[PDB]
Structures are given as C-alpha cells and as structure tokens.
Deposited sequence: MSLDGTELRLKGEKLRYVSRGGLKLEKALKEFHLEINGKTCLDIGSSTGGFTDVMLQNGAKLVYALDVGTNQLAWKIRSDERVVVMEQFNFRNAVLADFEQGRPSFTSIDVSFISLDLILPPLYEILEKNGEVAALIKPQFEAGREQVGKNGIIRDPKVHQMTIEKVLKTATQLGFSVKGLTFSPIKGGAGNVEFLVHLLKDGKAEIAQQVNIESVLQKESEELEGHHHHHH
C-alpha cells in the first residue's frame, strides 16, 4: 500500500484536493520530475500525457519511466524552454517542484508555454527564495522570512499576469527540513489574488 513512488506525491495530492484541480484528460507538465511522485499523482488522476522535465538526468521510478503516457525531457533546462519544445500537446496543467533555483526564473517561460486558462500547482521553497545570508543547516525557520518568500512569489506571478487562486502549506517538510508552501496559479492575465488567499492564516495553520 505505498500508493505513490515517493512521499513527494503527498504534496501534489494535497494541492489537487485543496485547490479543486481536475487533471483528467489534460496534457500536463511536471517541472523537476525527479523520482516522479508528482507525475505519478497526475497519471493516477487521469492525465492524458505528462511531460517529465529535469535539468539533469532523469531519476524516474521504473514504474513511471515505463508509463506510455510519460514523455521524458531530461538534461533540459526549463529556463530555456519555449512553446515549440512541446510537440505532443500544449500543457494546460503544470506542477512545479524545483530545487536550488527561484520560481522567479521558472514562472516567466512557463507563463508563455502554458495554455490559456492553464493552471499551475507550485511548491514555494523559502530556502531557495530567501537571500543567501538568510539561509544558514539550510533551514529557514523565521516566520517573517517565510511570509516574505511567499509574498515574493505572489508578486512575481502577478507581475507576469498569473492570477493567484489559492495558497496552502505543503503537508510535509522538504529537503533539509523546510516548511514549504503550495500555490495555485491561473494564466488569465488578470493578476488577481483571490480573496481566499491569506498568507498569515496559512502560516498560522502550518505552525499548529
């Protein structure tokens, strides 16, 4: 009864549930596929196709690598990604779980690539969004730094034209032991942060 190929799958599972996302029949993009937990979640929820992208060599679990619905794009730096790179359908849903890089560098090319009214479920990792001097053991524990990193990503998304439809906390810690957050974006050019988005409330709920 391990339902997913990694505990990472628990992260996207919560996003799908909390953000009321529908994957069935959609062409999906998994940025930072790694072992494939996110891809696995999307496959199980009926994705028509999943592009599995990694800046380095693919590390997909055997089960996921062998899946006919999966299109591997390894040694592929998403910063250099353009719409022409996606030749088997335009992604309308995207999940993002990258490390050692800010979403500031991922969201812009993605905004162009994603289908109109396409959606994004993205992990916000304070340890990669804060300043070097702010990090230190590699864990960010300061609530004010957490807030600032969330604010930073929401600002970047809205400046691009994404609307922010939801925000919550990732159900499990990432990497060296970091609280991380899940944000729901919509490509509509409206730059609207939904009323339900409440950073302080999310921070408080994660802490409990």
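Colleague: What are the unmodelled segments when the structure is compared with the full deposited sequence, in sequence order?
Modeller: Those parts of the chain that were deposited but carry no coordinates are 1-13, 150, 223-232.
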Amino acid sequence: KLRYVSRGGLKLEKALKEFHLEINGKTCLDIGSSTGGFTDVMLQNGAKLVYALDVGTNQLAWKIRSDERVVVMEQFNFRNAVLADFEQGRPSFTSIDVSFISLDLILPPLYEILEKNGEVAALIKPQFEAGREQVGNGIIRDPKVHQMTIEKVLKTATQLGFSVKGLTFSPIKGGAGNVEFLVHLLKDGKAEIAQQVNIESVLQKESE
From here on, numbers count along this sequence of modelled residues.
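Colleague: Mind pulling up the entry and telling me whether 138-146 or 30-38 has the higher mean Cα temperature factor?
Modeller: Taking the mean C-alpha B-factor of 138-146 and of 30-38, the larger value falls to 138-146.
Colleague: Decide which of the stretches 166-174 and 55-63 has the higher mean C-alpha B-factor, going by the entry.
Modeller: Of 166-174 and 55-63, the stretch with the higher C-alpha B-factor average is 55-63.
Colleague: If you compare 97, 119, 85, 129, which has the highest Cα B-factor in the entry?
Modeller: Among 97, 119, 85, 129, the highest C-alpha B-factor in the entry belongs to 85.
Colleague: Can you work out whether the C-alpha temperature factor of residue 68 puts it in the lowest, middle or highest third of the chain?
Modeller: Top third by C-alpha B-factor.
Colleague: Lowest, middle or highest third: where is residue 77 by C-alpha B factor in its chain?
Modeller: Middle third by C-alpha B-factor.
Colleague: Taking the C-alpha B-factors as the PDB entry records them, is residue 184 in the lowest, middle or highest third of its chain?
Modeller: CA B-factor rank for residue 184: lowest third.
Colleague: Tell me, lowest, middle or highest third: where does the Cα B factor of residue 43 rank within its chain?
Modeller: Tercile = highest for this residue's CA B-factor.
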